[PDB]
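Participant: Got a structure for you, questions after.
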Amino acid sequence: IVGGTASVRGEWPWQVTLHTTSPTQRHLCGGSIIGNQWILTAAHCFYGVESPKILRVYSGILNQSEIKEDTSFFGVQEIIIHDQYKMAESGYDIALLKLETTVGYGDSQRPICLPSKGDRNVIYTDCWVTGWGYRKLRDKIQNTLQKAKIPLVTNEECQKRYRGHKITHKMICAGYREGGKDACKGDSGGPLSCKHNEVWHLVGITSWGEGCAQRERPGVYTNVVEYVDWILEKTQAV
Ligand SMILES: O=C(N[C@@H](Cc1ccccc1)C(=O)NCCc1cc(Cl)ccc1-n1cnnn1)c1ccc2[nH]c(=O)cc(O)c2c1
């Protein structure tokens, strides 16, 4: 996160750190708890990931230094990638991780609500992007979970900023016209969480952008409201 501040423990209890054990143990992507055995994340995170066996999900983490070999985690049973996904820049940048065991909800880990399909006509004014990603394009993975308040940008305005790309209504952008606050490397897959009527909603999934926090280059997120049916299809299968 560029231009963010340290989060407080328990602030974003739906936020997870997805780690990989191949070739070495490292943070791979962010993710969000959406159900007791479900993590919502980005499809681009699994480029070259051949098996769910190399993945570990850690919930209730403020600091990456909390993670050692004796730290509890959730194994991944299945990786479900949207079948229309080709690349982040083209959309459908969404995936579900079915966990091998259920998450016990508490004050350190709980699910974030998905946006209500009836509320596609609501204006979100209190949106935050969170993650352990870089503070600048040439940086490193942060120990403490960072947060940044970012204003949502219209599809029309975001399309003006990305000449040569096709910003679809399945994408949602956020950023200041002058830049300064954004997601960066390591933040992808994480949430863009918006508080409306005292309830937090998973409005976006960190996906792509031209550099980090550049002037007139908003961050591009998967517009979660447009995938509610797909999430229900996959999580509520008979
Ligand atoms: O590049 C990374 N992540 C990419 C995506 C990815 C995922 C998995 C493997 C490879 C690449 C990312 O977050 N990409 C974020 C995309 C992005 C989103 C938005 Cl909304 C705005 C601006 C941007 N950026 C544009 N350029 N940088 N960020 C990434 C992930 C985990 C890492 N762990 C480490 O220990 C060391 C790393 O250097 C490291 C880097």
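In the structure tokens, the first chain shown is A, the next is B, and so on; residue numbers restart at 1 for each chain, and ligands run from 1 in the order shown.
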Identify, on the basis of only C-alpha atoms, every residue whose closest approach to segment 116-130 of chain A does not exceed 10 Å; exclude the query and any residue fewer than 5 positions from it along the same chain; express the result as a VMD selection string.

Facilitator: chain A and resid 1 4 to 7 12 15 30 to 31 145 to 152 174 181 to 183 187 to 188 190 to 196 200 to 206 219 224 to 229

Participant: Given only C-alpha atoms and all ligand atoms, how would the per-residue table for chain A near ligand 1 read, listing every residue at most 7 Å away with its closest atom pair and distance in Å to one decimal, sorted by chain and number, as a Markdown table?

Facilitator:
```
| residue | atom | partner | partner_atom_place_in_ligand_line | distance |
| --- | --- | --- | --- | --- |
| A:26 | CA | ligand 1 | 35 (O) | 4.8 |
| A:27 | CA | ligand 1 | 33 (N) | 4.8 |
| A:28 | CA | ligand 1 | 31 (C) | 4.1 |
| A:29 | CA | ligand 1 | 30 (C) | 5.8 |
| A:44 | CA | ligand 1 | 7 (C) | 6.0 |
| A:45 | CA | ligand 1 | 8 (C) | 4.1 |
| A:46 | CA | ligand 1 | 8 (C) | 6.6 |
| A:47 | CA | ligand 1 | 9 (C) | 6.6 |
| A:133 | CA | ligand 1 | 13 (O) | 6.6 |
| A:137 | CA | ligand 1 | 27 (N) | 6.1 |
| A:140 | CA | ligand 1 | 38 (O) | 6.1 |
| A:141 | CA | ligand 1 | 34 (C) | 5.9 |
| A:182 | CA | ligand 1 | 21 (C) | 6.0 |
| A:183 | CA | ligand 1 | 21 (C) | 4.6 |
| A:184 | CA | ligand 1 | 28 (N) | 3.7 |
| A:185 | CA | ligand 1 | 13 (O) | 3.5 |
| A:186 | CA | ligand 1 | 13 (O) | 3.6 |
| A:187 | CA | ligand 1 | 13 (O) | 4.4 |
| A:188 | CA | ligand 1 | 13 (O) | 3.8 |
| A:206 | CA | ligand 1 | 20 (Cl) | 4.4 |
| A:207 | CA | ligand 1 | 18 (C) | 4.6 |
| A:208 | CA | ligand 1 | 18 (C) | 3.6 |
| A:209 | CA | ligand 1 | 22 (C) | 4.0 |
| A:210 | CA | ligand 1 | 25 (C) | 5.2 |
| A:211 | CA | ligand 1 | 26 (N) | 4.0 |
| A:212 | CA | ligand 1 | 22 (C) | 4.7 |
| A:213 | CA | ligand 1 | 22 (C) | 6.9 |
| A:219 | CA | ligand 1 | 20 (Cl) | 3.6 |
| A:220 | CA | ligand 1 | 20 (Cl) | 4.5 |
| A:221 | CA | ligand 1 | 20 (Cl) | 5.5 |
```

Participant: Quick one: pull the distance between atom CA of residue 160 of chain A and atom CA of residue 87 of chain A, Å, one decimal.

Facilitator: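 Interatomic distance here is 20.9 Å.
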
Participant: Could you jot down the atom CA of residue 95 of chain A to atom CA of residue 34 of chain A separation for me, Å, one decimal place?

Facilitator: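 Value for the atom CA of residue 95 of chain A-atom CA of residue 34 of chain A distance: 11.9 Å.
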
Participant: Write down as a VMD selection string the residues of segment 14-219 of chain A whose backbone DSSP state falls under helix (DSSP H, G or I).

Facilitator: chain A and resid 43 to 46 52 to 54 64 to 66 88 to 90 117 to 119 155 to 161

Participant: Can you pull out every residue within 10 Å of residue 105 of chain A, counting only C-alpha atoms, but drop anything in the same chain fewer than 4 positions away, and send it as a PyMOL selection string?

Facilitator: chain A and resi 13-14+35-36+109-111

Participant: Restricting the output to N, CA, C and O atoms, write the selected residues as a PDB file, in the first residue's frame.

Facilitator:
```pdb
ATOM      1  N   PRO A  13     -10.797  -7.808  10.058  1.00  0.00           N
ATOM      2  CA  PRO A  13     -10.725  -9.234  10.436  1.00  0.00           C
ATOM      3  C   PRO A  13     -10.995 -10.252   9.311  1.00  0.00           C
ATOM      4  O   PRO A  13     -10.693 -11.445   9.474  1.00  0.00           O
ATOM      5  N   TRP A  14     -11.509  -9.781   8.165  1.00  0.00           N
ATOM      6  CA  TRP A  14     -11.732 -10.607   6.969  1.00  0.00           C
ATOM      7  C   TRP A  14     -10.445 -10.725   6.116  1.00  0.00           C
ATOM      8  O   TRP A  14     -10.339 -11.640   5.307  1.00  0.00           O
ATOM      9  N   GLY A  35     -16.918 -16.727   3.898  1.00  0.00           N
ATOM     10  CA  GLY A  35     -17.682 -17.850   4.443  1.00  0.00           C
ATOM     11  C   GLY A  35     -16.762 -18.666   5.329  1.00  0.00           C
ATOM     12  O   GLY A  35     -15.553 -18.400   5.358  1.00  0.00           O
ATOM     13  N   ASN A  36     -17.298 -19.661   6.072  1.00  0.00           N
ATOM     14  CA  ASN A  36     -16.456 -20.393   7.037  1.00  0.00           C
ATOM     15  C   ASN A  36     -15.467 -21.346   6.378  1.00  0.00           C
ATOM     16  O   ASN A  36     -14.551 -21.809   7.043  1.00  0.00           O
ATOM     17  N   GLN A 109     -10.978 -12.853  13.427  1.00  0.00           N
ATOM     18  CA  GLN A 109     -11.292 -13.412  12.114  1.00  0.00           C
ATOM     19  C   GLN A 109     -12.776 -13.618  11.973  1.00  0.00           C
ATOM     20  O   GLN A 109     -13.408 -14.306  12.771  1.00  0.00           O
ATOM     21  N   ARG A 110     -13.342 -12.987  10.970  1.00  0.00           N
ATOM     22  CA  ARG A 110     -14.771 -13.061  10.679  1.00  0.00           C
ATOM     23  C   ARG A 110     -14.983 -12.731   9.200  1.00  0.00           C
ATOM     24  O   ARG A 110     -14.069 -12.149   8.606  1.00  0.00           O
ATOM     25  N   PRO A 111     -16.171 -13.041   8.608  1.00  0.00           N
ATOM     26  CA  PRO A 111     -16.376 -12.748   7.187  1.00  0.00           C
ATOM     27  C   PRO A 111     -16.837 -11.325   6.890  1.00  0.00           C
ATOM     28  O   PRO A 111     -17.460 -10.680   7.730  1.00  0.00           O
TER      29      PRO A 111
END
```

Participant: Name the residues in contact with residue 216 of chain A at a cut-off of 7 Å, using only C-alpha atoms, excluding same-chain residues fewer than 3 positions from it; report them as a list in words.

Facilitator: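 Here the answer would be residues 161, 177, 178 and 179 of chain A.
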
Participant: Restricting the output to N, CA, C and O atoms, write the selected residues as a PDB file, in the first residue's frame.

Facilitator:
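The new file part-v4.pdb reads:
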```
ATOM      1  N   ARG A 161      -8.530   7.478 -18.127  1.00  0.00           N
ATOM      2  CA  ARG A 161      -7.204   7.278 -17.543  1.00  0.00           C
ATOM      3  C   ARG A 161      -6.457   6.073 -18.085  1.00  0.00           C
ATOM      4  O   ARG A 161      -5.243   6.006 -17.973  1.00  0.00           O
ATOM      5  N   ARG A 177      -6.995  11.843  -8.066  1.00  0.00           N
ATOM      6  CA  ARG A 177      -6.530  12.366  -9.344  1.00  0.00           C
ATOM      7  C   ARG A 177      -5.010  12.634  -9.335  1.00  0.00           C
ATOM      8  O   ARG A 177      -4.329  12.346 -10.319  1.00  0.00           O
ATOM      9  N   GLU A 178      -4.481  13.117  -8.210  1.00  0.00           N
ATOM     10  CA  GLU A 178      -3.057  13.421  -8.092  1.00  0.00           C
ATOM     11  C   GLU A 178      -2.193  12.234  -7.637  1.00  0.00           C
ATOM     12  O   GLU A 178      -0.969  12.377  -7.521  1.00  0.00           O
ATOM     13  N   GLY A 179      -2.823  11.081  -7.409  1.00  0.00           N
ATOM     14  CA  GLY A 179      -2.148   9.871  -6.953  1.00  0.00           C
ATOM     15  C   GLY A 179      -1.788   9.943  -5.492  1.00  0.00           C
ATOM     16  O   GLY A 179      -2.390  10.708  -4.745  1.00  0.00           O
TER      17      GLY A 179
END
```

Participant: Report as a compact mmCIF listing (two decimals) with C-alpha atoms, in the first residue's frame all protein, DNA and RNA residues lying within 8 Å of residue 43 of chain A, evaluated on only C-alpha atoms, omitting residues in the same chain fewer than 3 positions from it.

Facilitator:
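Below you can see part.txt, which holds the result:
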```txt
# COMPACT_ATOMS: atom_id res chain seq x y z
CA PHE A 46 -2.26 -18.54 -9.14
CA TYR A 47 -0.17 -17.98 -12.29
CA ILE A 81 -10.68 -19.65 -10.86
CA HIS A 82 -13.39 -17.93 -12.95
CA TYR A 85 -10.34 -15.43 -16.77
CA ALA A 88 -6.18 -9.22 -14.88
CA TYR A 92 -12.87 -12.04 -14.56
CA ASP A 93 -9.95 -11.64 -12.10
CA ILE A 94 -11.58 -13.58 -9.30
CA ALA A 95 -10.96 -16.89 -7.50
CA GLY A 189 -6.25 -10.34 -4.16
```

Participant: Considering only C-alpha atoms, can you say which of A:153, A:158, A:8, A:103 comes closest to residue 58 of chain A?

Facilitator: A:103

Participant: Can you work out which one of A:2, A:54, A:112, A:40 has the shortest atom-to-atom distance to residue 231 of chain A, counting only C-alpha atoms?

Facilitator: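 Looking only at the distances to residue 231 of chain A, the closest residue turns out to be A:40.
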
Participant: For residue 64 of chain A, list every protein, DNA or RNA residue within 9 Å, evaluated using only C-alpha atoms, and leave out those in the same chain fewer than 4 positions away; present the list as a PDB file with C-alpha atoms, in the first residue's frame.

Facilitator:
```pdb
ATOM      1  CA  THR A  17      -2.358 -13.477   3.887  1.00  0.00           C
ATOM      2  CA  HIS A  27       3.483 -14.031   1.229  1.00  0.00           C
ATOM      3  CA  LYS A  68       6.535 -19.198  11.924  1.00  0.00           C
ATOM      4  CA  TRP A 132       1.153  -6.191   3.222  1.00  0.00           C
ATOM      5  CA  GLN A 142       5.510  -4.973   4.744  1.00  0.00           C
ATOM      6  CA  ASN A 143       5.508  -6.604   8.188  1.00  0.00           C
ATOM      7  CA  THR A 144       2.385  -4.718   9.444  1.00  0.00           C
ATOM      8  CA  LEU A 145      -0.915  -4.720   7.505  1.00  0.00           C
TER       9      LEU A 145
END
```

Participant: List every residue of segment 55-194 of chain A that DSSP, applied to the backbone of this structure, places in strand (DSSP E), and write the result as a ChimeraX atom specification.

Facilitator: /A:55-58,74-81,95-99,127-131,146-149,152-153,171-174,191-194
